[PDB]
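**Q**
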Ligand SMILES: O=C1NC(=O)/C(=C/c2ccc3ncccc3c2)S1
Ligand code: NA
């Protein structure tokens with residue numbers, strides 16, 4: 003069968019912890035007072051939640067309330083525990099409270115409010131400097147959660163809240179996040195289509211933090227090339243074909259060979275044969291001011307089939323692309 007894989011950083015962080023850190027099922031929630039929060043406006047609906055702007059009437063500060071659906075099948079406890087474990091980390095959304103919603107009767111998570119324009123609305127208008135600046139801020143969040151034994155598994159523009167006026171960023175929606183345990187096989191039905199790593203698309207379950215670095219690379223490519231999304235698959239199958247048209251098929255087949263993966267036979271009729279395109283093929287008059295040799299080398303080192311070969315978040319922060327950003 004498939005050959006096993008282990009993360010090359012933060013491999014055993016959870017194994018050394020007391021079980022309370024990662025055994026989210028045994029976590030006992032401390033409840034706040036639902037009357038502290040008055041709902042202001044409906045912001046939108048998640049797959050398992052509904053999200054509202056609200057006011058904390060005890061300090062009159064804006065907050066956001068995420069009321070979870072009872073269809074969660076025990077997944078509420080995981081998100082709560084992960085949010086509490088990561089609270090205070092750089093650029094991690096702050097869980098301010100947990101209350102029991104009086105109408106739905108499910109847990110409602112209370113977050114700090116971010117005066118964002120949501121990143122997907124903004125990330126196609128940024129200057130070269132601002133792409134580098136905000137990418138570095140996202141990397142602070144990812145290295146923090148990875149170093150804490152957690153993979154986000156849903157990195158995408160919608161899940162990065164950016165207050166562009168104040169140049170502040172928060173990584174949100176930890177509802178798909180999971181604790182990394184070496185040797186564990188995970189569900190591949192995570193992340194959003196355009197940001198899914200090759201490991202998910204080829205059904206390789208023993209993945210790790212490096213999944214988030216693929217998703218980050220997809221965001222970077224969309225920003226520097228002004229192409230939304232960069233890999234524009236019509237479904238999960240065509241998604242891998244779109245990747246192969248850029249990265250080539252012989253490296254894909256080498257990845258499959260290395261991990262002893264049984265490629266879904268459906269790919270035989272759609273993958274074709276493709277050679278890697280040099281990154282300069284995607285440069286044009288409208289995006290060339292966002293492209294530099296450093297940007298292309300950095301992207302090249304994120305968007306690799308082999309999850310063990312991609313830059314880690316800390317390696318990424320060391321890259322020359324960020325030498326221009328004030329630290
Ligand atoms: O589905 C979700 N999961 C989260 O973790 C969310 C967090 C969040 C935080 C702050 C916000 N500020 C303004 C507007 C929306 C906001 C949303 S929404
Ligand atoms: Na820097």
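In the entry's author numbering, the protein residues as written are 3 to 329. A virtual CB, placed ideally from N, CA and C, is assigned to each residue, including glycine.
(1) Let me know the secondary structure DSSP gives residue 51 once reduced to three states.
(2) Just the residues with CB closer than 5 Å to a heavy atom of ligand 2, in chain order, which are they?
(3) Pair every Cβ in the region 193-213 with every Cβ in the region 156-166, then say whether three or more of these pairs are closer than 8 Å.
(4) Using a Cβ-Cβ cut-off of 6 Å (strictly less than) and excluding sequence neighbours within five positions of residue 226, which residues of its own chain qualify?
(5) Report whether the distance from the Cβ of residue 118 to the nearest heavy atom of ligand 1 is below 7 Å.
(6) By the 10 Å Cβ neighbour count, where 16 or more other Cβ atoms means buried, how is residue 234 classified, buried or exposed?
(7) In three-state DSSP terms, what is residue 319?
(8) As an exercise, report each continuous beta strand (DSSP E) stretch of at least 3 residues that is fully enclosed by the region 27-76, in chain order.
(9) Please give the ranges of any alpha helix (DSSP H) in the region 205-238, keeping only runs that are unbroken, at least 4 residues long and fully inside the region.
(10) Taking the runs of the alpha helix (DSSP H) that are 4 residues or longer, which of them lie wholly in the region 118-172?
(11) Within the same chain, show all residues whose beta-carbon is closer than 8 Å to that of residue 261, passing over the 5 residues directly before and after it, in chain order.
(12) Hey, would you say the C-beta of residue 113 is under 7 Å away from at least one heavy atom of ligand 1?
(13) Hey, is the region 116-128 in contact with the region 159-166, meaning 3+ C-beta pairs nearer than 8 Å?
(14) Are the beta-carbon atoms belonging to residue 221 and residue 315 less than 8 Å from one another?
(15) Please determine, among 134, 34, 186, the residue with the shortest C-alpha to C-alpha distance to residue 322.
(16) Beta-carbon within less than 6 Å of residue 46's beta-carbon, same chain only, minus the 5 sequence neighbours each way: which residues are those?
(17) Check whether the Cβ atoms of residue 368 and residue 104 lie closer than 8 Å to each other.
(18) According to DSSP, simplified to helix, strand and coil, what is residue 103?
(19) Per DSSP, residue 109 forms a beta bridge with which residues?
(20) Measure the Cβ-Cβ separation of residue 265 and residue 204 and say whether it is below 8 Å.
**A** According to the data block:
(1) Residue numbering aside, residue 51 sits at position 49 when the chain shown is read from its first letter. Strand, per DSSP.
(2) Counting only residues whose CB is nearer than 5 Å to a non-hydrogen atom of ligand 2, the list in chain order is 324, 327, 329.
(3) Here the region 193-213 lies against the region 156-166, with 3 or more beta-carbon pairs under 8 Å apart.
(4) Looking up residue 226 in the chain shown gives position 224. Closer than 6 Å at the Cβ level, and outside the excluded window around residue 226, lie 292, 293, 297.
(5) For the purposes of this step, residue 118 is taken as the residue at position 116 of the chain shown. Ligand 1 has a heavy atom closer than 7 Å to the beta-carbon of residue 118.
(6) In the chain shown, residue 234 corresponds to position 232, counting from 1. So residue 234 ends up on the exposed side.
(7) What you label residue 319 is simply residue 317 of the chain shown in a count that begins at 1. Residue 319: helix per DSSP, three-state reduction.
(8) Counting only runs of 3 or more residues that sit fully inside the region 27-76, the beta strand (DSSP E) segments are 39-47, 51-58, 63-70, in chain order.
(9) Every unbroken stretch of the alpha helix (DSSP H) spanning 4 or more residues and falling wholly within the region 205-238 is given here in chain order: 212-227.
(10) Whole alpha helix (DSSP H) segments, 4+ residues: 130-149.
(11) Position 259 of the chain shown, counted from the first residue, corresponds to residue 261. Counting only residues of its own chain and dropping the five nearest sequence neighbours on each side, residue 261 has a CB closer than 8 Å to the CB of 4, 5, 7, 206.
(12) Looking up residue 113 in the chain shown gives position 111. Yes, ligand 1 has a heavy atom inside 7 Å of this Cβ.
(13) Yes: at least three Cβ pairs fall under 8 Å.
(14) Position 219 of the chain shown, counted from the first residue, corresponds to residue 221. Position 313 of the chain shown, counted from the first residue, corresponds to residue 315. Not a contact, by the Cβ cut-off of 8 Å.
(15) Sequence index remark: in the chain shown, residue 322 carries index 320 (1-based). For residue 322, the closest alpha carbon among the candidates 134, 34, 186 is that of 134.
(16) Here the question's residue 46 lines up with position 44 in the chain shown. Here the set comprises 53.
(17) Examination of residue 368 is not possible in this model, given that the chain is present from 3 through 329 alone.
(18) Residue 103 sits at position 101 when you count from the first residue of the chain shown. If DSSP states are grouped into helix, strand and coil, residue 103 belongs with coil.
(19) Looking up residue 109 in the chain shown gives position 107. 102.
(20) Here residue 265 corresponds to residue number 263 of the chain shown, with the count starting at 1. Here residue 204 corresponds to residue number 202 of the chain shown, with the count starting at 1. The answer is yes: Cβ separation under 8 Å.
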